[PDB]
């Protein structure tokens, strides 16, 4: 083939930043396999904010285009709903497009009390994108859990995922700094999947929660509730750390888990995170592929040829 679990592809961190891509449509047209978005749920008032730093309104390249004819025409700095609108417009204009993973960092976690929890997140994505999403319900099928499904049968072929979006969730830097014991994005969303599954409602889910932070063994052992563990089939961590000798990355490949390796440029010997040479970047992607990455991410927006790279995972 390959399948979504046997390939290595390339992502762009903070793809909503105007400095990288004038419009979000440009991020979508970059060829990248993974585009990362920073969302805020605990700002005041309505909407999920899109912003790198503490939001004042939004700071993004998203336009909220109503259709493809409107892409690259509107004022930017739109919110998550606006981003999703751009995605839908672009999707409708590019039937059979490459599968794209939207990696969402929930900067400040969820805000269920304020109407921005896992259920409302799913509902918004369903409203905007509908059938274009490949989510946990799709992967899991009739299996008891996502883990059971993925280990036994793996992911669909890349060809079969044409015209699909997938979503990954990681906890954010702000909730990592909370002195209180509010549940983090990972436990909250995984618990949501567990609860949906118990209610026979997994089909309405839209995103895969990831275990964030490179670790040896089975990283899911960090969760004291074993019932949450099989809802994590995506792992996200520092590339240099994954390559430092302490972690057996073949484990992920054998089990068909998705492995996102961040800051790919910081793997020694370090190369530029934005403007490396094409040769340097390609070599780095190949190195990470051999080390069983599903995705290698950095800021290589100047290198769309590299961003489009898809190679076999694990040699």
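Residue numbers count along the first chain shown, from 1.
Looking at 3 to 11 and 304 to 312 together, the entry lists the larger mean B-factor for 304 to 312, computed on C-alpha atoms. For the pair 228 to 236 and 192 to 200, the mean Cα B-factor is higher in 192 to 200.
When the C-alpha B factors of 138, 105, 86, 92 are read from the deposited coordinates, the top value falls at 92. The maximum CA B-factor among the listed residues 128, 222, 113, 98, taken from the PDB record, is found at 113.
Residue-level temperature factors show residue 169 in the lowest third of its chain, judged at the C-alpha atom. Among the modelled residues of its chain, residue 144 has a C-alpha B-factor that falls in the highest third, as given in the PDB entry. Among all modelled residues in its chain, residue 35 ranks in the lowest third by Cα B-factor. When all modelled residues of the chain are sorted by CA temperature factor, residue 262 is found within the lowest third. Among the modelled residues of its chain, residue 29 has a C-alpha B-factor that falls in the middle third according to the deposited record.
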